[PDB]
>>> print(open('input19.cif').read())   # mmCIF, N, CA and C atoms
data_my_file
loop_
_atom_site.group_PDB
_atom_site.id
_atom_site.type_symbol
_atom_site.label_atom_id
_atom_site.label_comp_id
_atom_site.auth_asym_id
_atom_site.auth_seq_id
_atom_site.Cartn_x
_atom_site.Cartn_y
_atom_site.Cartn_z
ATOM 1 N N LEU A 1 168.694 105.754 -119.553
ATOM 2 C CA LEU A 1 169.801 106.622 -120.030
ATOM 3 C C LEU A 1 169.490 107.210 -121.402
ATOM 4 N N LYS A 2 169.069 108.469 -121.420
ATOM 5 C CA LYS A 2 168.739 109.148 -122.668
ATOM 6 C C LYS A 2 167.617 108.421 -123.403
ATOM 7 N N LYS A 3 166.414 108.983 -123.341
ATOM 8 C CA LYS A 3 165.258 108.388 -124.000
ATOM 9 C C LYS A 3 164.175 109.436 -124.246
ATOM 10 N N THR A 4 163.332 109.187 -125.243
ATOM 11 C CA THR A 4 162.251 110.107 -125.581
ATOM 12 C C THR A 4 162.807 111.457 -126.026
ATOM 13 N N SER A 5 162.503 111.838 -127.261
ATOM 14 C CA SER A 5 162.970 113.106 -127.807
ATOM 15 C C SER A 5 162.239 114.277 -127.161
ATOM 16 N N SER A 6 162.995 115.303 -126.780
ATOM 17 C CA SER A 6 162.418 116.485 -126.150
ATOM 18 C C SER A 6 162.403 117.666 -127.114
ATOM 19 N N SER A 7 161.207 118.125 -127.463
ATOM 20 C CA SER A 7 161.057 119.252 -128.378
ATOM 21 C C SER A 7 159.630 119.792 -128.348
ATOM 22 N N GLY A 8 159.393 120.773 -127.484
ATOM 23 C CA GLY A 8 158.071 121.361 -127.374
ATOM 24 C C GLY A 8 157.168 120.590 -126.430
ATOM 25 N N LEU A 9 156.157 121.267 -125.896
ATOM 26 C CA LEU A 9 155.217 120.644 -124.980
ATOM 27 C C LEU A 9 153.824 121.196 -125.214
ATOM 28 N N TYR A 10 152.830 120.326 -125.159
ATOM 29 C CA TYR A 10 151.457 120.744 -125.365
ATOM 30 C C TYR A 10 150.740 120.859 -124.034
ATOM 31 N N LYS A 11 150.518 122.092 -123.606
ATOM 32 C CA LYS A 11 149.831 122.351 -122.346
ATOM 33 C C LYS A 11 148.634 123.265 -122.574
ATOM 34 N N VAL A 12 147.614 123.147 -121.726
ATOM 35 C CA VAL A 12 146.427 123.982 -121.869
ATOM 36 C C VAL A 12 146.434 125.092 -120.818
ATOM 37 N N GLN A 13 145.975 126.280 -121.201
ATOM 38 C CA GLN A 13 145.955 127.421 -120.286
ATOM 39 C C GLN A 13 144.641 128.186 -120.382
ATOM 40 N N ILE A 14 144.047 128.477 -119.228
ATOM 41 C CA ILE A 14 142.778 129.193 -119.190
ATOM 42 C C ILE A 14 142.937 130.650 -118.756
ATOM 43 N N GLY A 15 144.146 131.058 -118.364
ATOM 44 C CA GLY A 15 144.333 132.444 -117.963
ATOM 45 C C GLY A 15 145.559 132.689 -117.102
ATOM 46 N N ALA A 16 145.816 133.969 -116.840
ATOM 47 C CA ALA A 16 146.931 134.401 -116.002
ATOM 48 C C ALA A 16 146.574 135.726 -115.331
ATOM 49 N N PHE A 17 146.988 135.913 -114.083
ATOM 50 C CA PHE A 17 146.682 137.150 -113.368
ATOM 51 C C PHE A 17 147.791 137.517 -112.394
ATOM 52 N N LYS A 18 147.950 138.813 -112.155
ATOM 53 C CA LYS A 18 148.969 139.306 -111.236
ATOM 54 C C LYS A 18 148.755 138.764 -109.823
ATOM 55 N N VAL A 19 147.568 138.219 -109.564
ATOM 56 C CA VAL A 19 147.251 137.680 -108.248
ATOM 57 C C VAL A 19 147.234 136.154 -108.251
ATOM 58 N N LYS A 20 147.946 135.568 -107.294
ATOM 59 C CA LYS A 20 148.026 134.123 -107.161
ATOM 60 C C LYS A 20 146.709 133.561 -106.648
ATOM 61 N N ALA A 21 146.079 134.271 -105.714
ATOM 62 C CA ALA A 21 144.802 133.833 -105.168
ATOM 63 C C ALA A 21 143.785 133.682 -106.290
ATOM 64 N N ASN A 22 143.930 134.520 -107.312
ATOM 65 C CA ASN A 22 143.052 134.470 -108.466
ATOM 66 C C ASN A 22 143.461 133.309 -109.358
ATOM 67 N N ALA A 23 144.765 133.046 -109.408
ATOM 68 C CA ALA A 23 145.285 131.946 -110.211
ATOM 69 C C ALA A 23 144.969 130.599 -109.559
ATOM 70 N N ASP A 24 144.674 130.630 -108.261
ATOM 71 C CA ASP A 24 144.350 129.418 -107.517
ATOM 72 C C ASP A 24 142.879 129.063 -107.691
ATOM 73 N N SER A 25 142.027 130.085 -107.715
ATOM 74 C CA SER A 25 140.598 129.876 -107.900
ATOM 75 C C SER A 25 140.343 129.313 -109.291
ATOM 76 N N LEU A 26 141.109 129.809 -110.255
ATOM 77 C CA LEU A 26 141.001 129.362 -111.633
ATOM 78 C C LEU A 26 141.430 127.902 -111.750
ATOM 79 N N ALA A 27 142.598 127.594 -111.192
ATOM 80 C CA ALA A 27 143.114 126.231 -111.213
ATOM 81 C C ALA A 27 142.131 125.277 -110.538
ATOM 82 N N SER A 28 141.306 125.825 -109.651
ATOM 83 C CA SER A 28 140.312 125.037 -108.938
ATOM 84 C C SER A 28 139.170 124.643 -109.869
ATOM 85 N N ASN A 29 138.742 125.584 -110.708
ATOM 86 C CA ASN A 29 137.661 125.323 -111.651
ATOM 87 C C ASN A 29 138.021 124.163 -112.571
ATOM 88 N N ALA A 30 139.233 124.205 -113.117
ATOM 89 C CA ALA A 30 139.696 123.155 -114.011
ATOM 90 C C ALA A 30 139.736 121.817 -113.287
ATOM 91 N N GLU A 31 140.180 121.847 -112.034
ATOM 92 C CA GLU A 31 140.264 120.636 -111.228
ATOM 93 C C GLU A 31 138.911 119.933 -111.187
ATOM 94 N N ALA A 32 137.849 120.728 -111.133
ATOM 95 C CA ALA A 32 136.488 120.201 -111.101
ATOM 96 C C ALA A 32 136.265 119.239 -112.258
ATOM 97 N N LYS A 33 136.594 119.689 -113.466
ATOM 98 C CA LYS A 33 136.452 118.847 -114.643
ATOM 99 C C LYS A 33 137.362 117.635 -114.504
ATOM 100 N N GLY A 34 138.454 117.825 -113.771
ATOM 101 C CA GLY A 34 139.396 116.756 -113.539
ATOM 102 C C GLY A 34 140.695 116.956 -114.287
ATOM 103 N N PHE A 35 141.090 118.213 -114.451
ATOM 104 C CA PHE A 35 142.323 118.536 -115.147
ATOM 105 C C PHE A 35 143.437 118.843 -114.157
ATOM 106 N N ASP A 36 144.671 118.665 -114.602
ATOM 107 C CA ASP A 36 145.826 118.938 -113.763
ATOM 108 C C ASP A 36 146.184 120.414 -113.845
ATOM 109 N N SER A 37 145.675 121.202 -112.900
ATOM 110 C CA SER A 37 145.928 122.634 -112.897
ATOM 111 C C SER A 37 147.296 122.944 -112.313
ATOM 112 N N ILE A 38 147.834 124.095 -112.695
ATOM 113 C CA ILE A 38 149.150 124.511 -112.243
ATOM 114 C C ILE A 38 149.282 126.032 -112.277
ATOM 115 N N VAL A 39 149.887 126.592 -111.237
ATOM 116 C CA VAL A 39 150.076 128.034 -111.146
ATOM 117 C C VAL A 39 151.559 128.395 -111.182
ATOM 118 N N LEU A 40 151.987 129.078 -112.245
ATOM 119 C CA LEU A 40 153.384 129.474 -112.376
ATOM 120 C C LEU A 40 153.519 130.987 -112.291
ATOM 121 N N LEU A 41 154.360 131.443 -111.374
ATOM 122 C CA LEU A 41 154.582 132.866 -111.186
ATOM 123 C C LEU A 41 155.692 133.380 -112.099
ATOM 124 N N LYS A 42 155.317 134.240 -113.036
ATOM 125 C CA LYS A 42 156.273 134.846 -113.948
ATOM 126 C C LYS A 42 156.622 136.237 -113.442
ATOM 127 N N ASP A 43 157.670 136.825 -113.993
ATOM 128 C CA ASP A 43 158.115 138.147 -113.571
ATOM 129 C C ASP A 43 157.010 139.206 -113.652
ATOM 130 N N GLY A 44 155.976 139.077 -112.813
ATOM 131 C CA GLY A 44 154.909 140.067 -112.811
ATOM 132 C C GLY A 44 153.496 139.493 -112.776
ATOM 133 N N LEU A 45 153.309 138.253 -113.230
ATOM 134 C CA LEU A 45 151.967 137.657 -113.244
ATOM 135 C C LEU A 45 151.981 136.166 -112.916
ATOM 136 N N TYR A 46 150.791 135.638 -112.633
ATOM 137 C CA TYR A 46 150.612 134.223 -112.331
ATOM 138 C C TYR A 46 149.801 133.564 -113.446
ATOM 139 N N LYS A 47 150.250 132.403 -113.904
ATOM 140 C CA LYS A 47 149.564 131.695 -114.977
ATOM 141 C C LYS A 47 148.844 130.460 -114.469
ATOM 142 N N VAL A 48 147.735 130.141 -115.119
ATOM 143 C CA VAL A 48 146.939 128.983 -114.755
ATOM 144 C C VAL A 48 146.824 128.016 -115.929
ATOM 145 N N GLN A 49 147.614 126.948 -115.881
ATOM 146 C CA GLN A 49 147.615 125.943 -116.936
ATOM 147 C C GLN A 49 146.945 124.657 -116.462
ATOM 148 N N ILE A 50 146.202 124.020 -117.360
ATOM 149 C CA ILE A 50 145.515 122.779 -117.042
ATOM 150 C C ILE A 50 145.687 121.746 -118.151
ATOM 151 N N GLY A 51 146.220 120.596 -117.766
ATOM 152 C CA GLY A 51 146.443 119.509 -118.701
ATOM 153 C C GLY A 51 147.687 119.705 -119.547
ATOM 154 N N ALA A 52 148.736 118.953 -119.235
ATOM 155 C CA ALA A 52 149.989 119.036 -119.976
ATOM 156 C C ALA A 52 150.421 117.653 -120.449
ATOM 157 N N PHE A 53 150.643 117.511 -121.753
ATOM 158 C CA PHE A 53 151.047 116.228 -122.317
ATOM 159 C C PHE A 53 152.058 116.407 -123.444
ATOM 160 N N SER A 54 152.594 115.286 -123.922
ATOM 161 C CA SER A 54 153.570 115.302 -125.004
ATOM 162 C C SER A 54 152.880 115.383 -126.362
ATOM 163 N N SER A 55 151.578 115.099 -126.389
ATOM 164 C CA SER A 55 150.809 115.145 -127.629
ATOM 165 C C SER A 55 149.791 116.282 -127.601
ATOM 166 N N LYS A 56 149.805 117.108 -128.645
ATOM 167 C CA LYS A 56 148.888 118.237 -128.745
ATOM 168 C C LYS A 56 147.438 117.780 -128.644
ATOM 169 N N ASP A 57 147.151 116.599 -129.184
ATOM 170 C CA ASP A 57 145.799 116.052 -129.150
ATOM 171 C C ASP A 57 145.248 116.046 -127.727
ATOM 172 N N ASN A 58 146.141 115.892 -126.755
ATOM 173 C CA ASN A 58 145.747 115.870 -125.351
ATOM 174 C C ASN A 58 145.313 117.257 -124.891
ATOM 175 N N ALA A 59 146.150 118.250 -125.170
ATOM 176 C CA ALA A 59 145.859 119.628 -124.796
ATOM 177 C C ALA A 59 144.566 120.106 -125.442
ATOM 178 N N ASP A 60 144.355 119.732 -126.700
ATOM 179 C CA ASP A 60 143.154 120.132 -127.422
ATOM 180 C C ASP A 60 141.900 119.613 -126.728
ATOM 181 N N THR A 61 141.880 118.315 -126.441
ATOM 182 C CA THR A 61 140.737 117.697 -125.777
ATOM 183 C C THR A 61 140.476 118.348 -124.423
ATOM 184 N N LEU A 62 141.550 118.730 -123.740
ATOM 185 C CA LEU A 62 141.450 119.375 -122.436
ATOM 186 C C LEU A 62 140.878 120.758 -122.585
ATOM 187 N N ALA A 63 141.500 121.508 -123.479
ATOM 188 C CA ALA A 63 141.111 122.870 -123.717
ATOM 189 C C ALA A 63 139.623 122.965 -124.032
ATOM 190 N N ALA A 64 139.207 122.273 -125.093
ATOM 191 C CA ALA A 64 137.806 122.263 -125.500
ATOM 192 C C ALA A 64 136.912 121.882 -124.327
ATOM 193 N N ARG A 65 137.403 120.964 -123.501
ATOM 194 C CA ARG A 65 136.665 120.525 -122.327
ATOM 195 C C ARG A 65 136.503 121.685 -121.358
ATOM 196 N N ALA A 66 137.554 122.493 -121.245
ATOM 197 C CA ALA A 66 137.528 123.654 -120.372
ATOM 198 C C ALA A 66 136.500 124.648 -120.880
ATOM 199 N N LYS A 67 136.456 124.816 -122.199
ATOM 200 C CA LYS A 67 135.495 125.718 -122.812
ATOM 201 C C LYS A 67 134.082 125.244 -122.510
ATOM 202 N N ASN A 68 133.858 123.949 -122.698
ATOM 203 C CA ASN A 68 132.563 123.347 -122.420
ATOM 204 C C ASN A 68 132.313 123.331 -120.916
ATOM 205 N N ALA A 69 133.404 123.328 -120.153
ATOM 206 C CA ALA A 69 133.337 123.314 -118.698
ATOM 207 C C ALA A 69 132.989 124.693 -118.144
ATOM 208 N N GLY A 70 133.254 125.729 -118.932
ATOM 209 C CA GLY A 70 132.978 127.084 -118.498
ATOM 210 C C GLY A 70 134.254 127.867 -118.284
ATOM 211 N N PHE A 71 135.317 127.434 -118.956
ATOM 212 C CA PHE A 71 136.617 128.070 -118.845
ATOM 213 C C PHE A 71 137.191 128.323 -120.233
ATOM 214 N N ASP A 72 137.968 129.386 -120.377
ATOM 215 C CA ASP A 72 138.570 129.705 -121.663
ATOM 216 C C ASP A 72 139.958 129.082 -121.775
ATOM 217 N N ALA A 73 140.007 127.764 -121.976
ATOM 218 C CA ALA A 73 141.281 127.064 -122.094
ATOM 219 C C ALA A 73 141.831 127.124 -123.515
ATOM 220 N N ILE A 74 143.149 127.248 -123.611
ATOM 221 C CA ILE A 74 143.831 127.299 -124.897
ATOM 222 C C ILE A 74 145.054 126.390 -124.876
ATOM 223 N N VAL A 75 145.449 125.888 -126.039
ATOM 224 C CA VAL A 75 146.609 125.010 -126.122
ATOM 225 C C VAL A 75 147.804 125.746 -126.711
ATOM 226 N N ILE A 76 148.963 125.571 -126.086
ATOM 227 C CA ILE A 76 150.178 126.220 -126.545
ATOM 228 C C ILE A 76 151.359 125.251 -126.545
ATOM 229 N N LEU A 77 152.178 125.342 -127.590
ATOM 230 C CA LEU A 77 153.349 124.491 -127.731
ATOM 231 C C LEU A 77 154.594 125.222 -127.231
ATOM 232 N N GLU A 78 155.064 124.847 -126.045
ATOM 233 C CA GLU A 78 156.243 125.475 -125.457
ATOM 234 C C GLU A 78 157.463 124.567 -125.559
ATOM 235 N N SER A 79 158.558 125.115 -126.075
ATOM 236 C CA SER A 79 159.796 124.356 -126.227
ATOM 237 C C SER A 79 160.861 124.852 -125.254
#
>>> encode(input="input19.cif", output="structure tokens")
Amino acid sequence: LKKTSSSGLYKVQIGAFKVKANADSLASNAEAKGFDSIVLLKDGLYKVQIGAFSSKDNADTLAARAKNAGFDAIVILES
């Protein structure tokens, strides 16, 4: 009953495209490294996020891993 403060989220993102099939191939690349990929359809485009945690340190390690993995991952704090 009411626990853990909610304020912002640290998730990693390697890209977004108007095509879901493209957002699926991307999410697949991240999966290879072993990241939790996700495709969210926004009013016009599809986003590909990989690795979501409560601590930014997590997103950073993921992101950099994506870069080293061959993907342009970035960390963003969404509230």
>>> atom_distance(input="input19.cif", atom1="CA of residue 40 in chain A", atom2="atom N of residue 73 in chain A")
16.6 Å
>>> select_by_dssp(input="input19.cif", residues="chain A", states="helix (DSSP H, G or I)", output="list in words")
residues 20, 21, 22, 23, 24, 25, 26, 27, 28, 29, 30, 31, 32, 33, 56, 57, 58, 59, 60, 61, 62, 63, 64, 65, 66, 67, 68 and 69 of chain A
>>> residues_around(input="input19.cif", residues="residue 60 in chain A", least_positions_apart="2", cutoff="12 Å", atoms="only C-alpha atoms", output="VMD selection string")
chain A and resid 10 to 13 50 to 58 62 to 67 73 to 77
>>> atom_distance(input="input19.cif", atom1="CA of residue 2 in chain A", atom2="atom N of residue 59 in chain A")
24.5 Å
>>> resolve_selection(input="input19.cif", expression="the PyMOL selection byres ((chain A and resi 38) around 5)", output="CSV table (one decimal) with N, CA and C atoms, keeping the file's coordinate frame")
chain,number,residue,atom,x,y,z
A,36,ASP,N,144.7,118.7,-114.6
A,36,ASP,CA,145.8,118.9,-113.8
A,36,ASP,C,146.2,120.4,-113.8
A,37,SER,N,145.7,121.2,-112.9
A,37,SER,CA,145.9,122.6,-112.9
A,37,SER,C,147.3,122.9,-112.3
A,39,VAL,N,149.9,126.6,-111.2
A,39,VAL,CA,150.1,128.0,-111.1
A,39,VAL,C,151.6,128.4,-111.2
A,40,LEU,N,152.0,129.1,-112.2
A,40,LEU,CA,153.4,129.5,-112.4
A,40,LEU,C,153.5,131.0,-112.3
A,47,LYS,N,150.2,132.4,-113.9
A,47,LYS,CA,149.6,131.7,-115.0
A,47,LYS,C,148.8,130.5,-114.5
A,48,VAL,N,147.7,130.1,-115.1
A,48,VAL,CA,146.9,129.0,-114.8
A,48,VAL,C,146.8,128.0,-115.9
A,49,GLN,N,147.6,126.9,-115.9
A,49,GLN,CA,147.6,125.9,-116.9
A,49,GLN,C,146.9,124.7,-116.5
A,50,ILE,N,146.2,124.0,-117.4
A,50,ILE,CA,145.5,122.8,-117.0
A,50,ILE,C,145.7,121.7,-118.2
>>> resolve_selection(input="input19.cif", expression="the PyMOL selection byres (((chain A and resi 20-28 and name CA) around 6) and name CA)", output="ChimeraX atom specification")
/A:19,29-31,37,46,48
>>> atom_distance(input="input19.cif", atom1="CA of residue 9 in chain A", atom2="CA of residue 33 in chain A")
21.5 Å
>>> closest_residue(input="input19.cif", among="A:8, A:18, A:35, A:3", to="residue 71 in chain A", atoms="only C-alpha atoms")
A:35
>>> select_by_dssp(input="input19.cif", residues="chain A", states="strand (DSSP E)", output="ChimeraX atom specification")
/A:9-17,37-42,45-53,74-78
>>> axis_aligned_box(input="input19.cif", around="range 71-79 of chain A", padding_each_side="6 Å", output="lines of an AutoDock Vina configuration file")
center_x = 148.1
center_y = 127.0
center_z = -123.3
size_x = 37.5
size_y = 17.3
size_z = 20.9
>>> decode(input="input19.cif", residues="range 3-31 of chain A", atoms="N, CA and C atoms", output="short mmCIF file (atom, residue, chain, number, x, y, z; two decimals), in the first residue's frame")
data_model
loop_
_atom_site.label_atom_id
_atom_site.label_comp_id
_atom_site.auth_asym_id
_atom_site.auth_seq_id
_atom_site.Cartn_x
_atom_site.Cartn_y
_atom_site.Cartn_z
N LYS A 3 4.13 2.73 -1.88
CA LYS A 3 5.54 2.48 -1.63
C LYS A 3 6.39 2.93 -2.81
N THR A 4 7.66 3.24 -2.55
CA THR A 4 8.57 3.68 -3.59
C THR A 4 8.10 4.98 -4.22
N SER A 5 8.92 6.02 -4.12
CA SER A 5 8.58 7.32 -4.68
C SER A 5 8.66 7.29 -6.20
N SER A 6 7.65 7.86 -6.85
CA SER A 6 7.60 7.90 -8.31
C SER A 6 7.90 9.30 -8.83
N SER A 7 9.00 9.44 -9.55
CA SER A 7 9.40 10.73 -10.11
C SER A 7 10.49 10.56 -11.17
N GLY A 8 10.07 10.42 -12.42
CA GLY A 8 11.02 10.25 -13.50
C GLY A 8 11.43 8.80 -13.69
N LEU A 9 11.89 8.47 -14.90
CA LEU A 9 12.32 7.12 -15.21
C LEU A 9 13.51 7.16 -16.15
N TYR A 10 14.47 6.28 -15.91
CA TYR A 10 15.66 6.23 -16.75
C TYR A 10 15.56 5.08 -17.73
N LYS A 11 15.31 5.41 -18.98
CA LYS A 11 15.19 4.41 -20.03
C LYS A 11 16.15 4.72 -21.17
N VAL A 12 16.60 3.69 -21.89
CA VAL A 12 17.52 3.90 -23.00
C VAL A 12 16.78 3.77 -24.33
N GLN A 13 17.15 4.60 -25.30
CA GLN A 13 16.50 4.59 -26.61
C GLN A 13 17.52 4.68 -27.74
N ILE A 14 17.37 3.80 -28.73
CA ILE A 14 18.29 3.78 -29.86
C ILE A 14 17.68 4.37 -31.13
N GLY A 15 16.39 4.71 -31.10
CA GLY A 15 15.78 5.29 -32.29
C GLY A 15 14.27 5.20 -32.33
N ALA A 16 13.69 5.84 -33.34
CA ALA A 16 12.25 5.84 -33.57
C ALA A 16 11.97 6.01 -35.06
N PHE A 17 10.95 5.33 -35.57
CA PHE A 17 10.63 5.43 -36.99
C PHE A 17 9.13 5.29 -37.23
N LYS A 18 8.64 5.92 -38.29
CA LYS A 18 7.23 5.87 -38.64
C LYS A 18 6.78 4.43 -38.92
N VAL A 19 7.74 3.53 -39.11
CA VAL A 19 7.43 2.14 -39.40
C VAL A 19 7.71 1.24 -38.20
N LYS A 20 6.73 0.42 -37.84
CA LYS A 20 6.85 -0.50 -36.73
C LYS A 20 7.79 -1.64 -37.08
N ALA A 21 7.72 -2.12 -38.32
CA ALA A 21 8.59 -3.20 -38.76
C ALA A 21 10.04 -2.80 -38.59
N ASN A 22 10.30 -1.50 -38.74
CA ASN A 22 11.64 -0.96 -38.58
C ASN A 22 11.95 -0.85 -37.10
N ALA A 23 10.93 -0.54 -36.31
CA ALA A 23 11.10 -0.42 -34.86
C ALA A 23 11.27 -1.80 -34.22
N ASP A 24 10.84 -2.84 -34.94
CA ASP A 24 10.95 -4.21 -34.44
C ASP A 24 12.34 -4.77 -34.72
N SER A 25 12.89 -4.43 -35.89
CA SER A 25 14.22 -4.89 -36.26
C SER A 25 15.25 -4.27 -35.32
N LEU A 26 15.01 -3.02 -34.96
CA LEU A 26 15.88 -2.29 -34.05
C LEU A 26 15.84 -2.93 -32.66
N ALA A 27 14.63 -3.14 -32.16
CA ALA A 27 14.45 -3.75 -30.85
C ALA A 27 15.09 -5.13 -30.81
N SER A 28 15.24 -5.74 -31.99
CA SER A 28 15.84 -7.06 -32.11
C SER A 28 17.35 -6.97 -31.88
N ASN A 29 17.97 -5.94 -32.45
CA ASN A 29 19.41 -5.75 -32.30
C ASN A 29 19.79 -5.63 -30.82
N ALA A 30 19.04 -4.81 -30.10
CA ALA A 30 19.29 -4.61 -28.68
C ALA A 30 19.13 -5.92 -27.92
N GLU A 31 18.11 -6.68 -28.30
CA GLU A 31 17.84 -7.96 -27.66
C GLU A 31 19.08 -8.85 -27.70
#
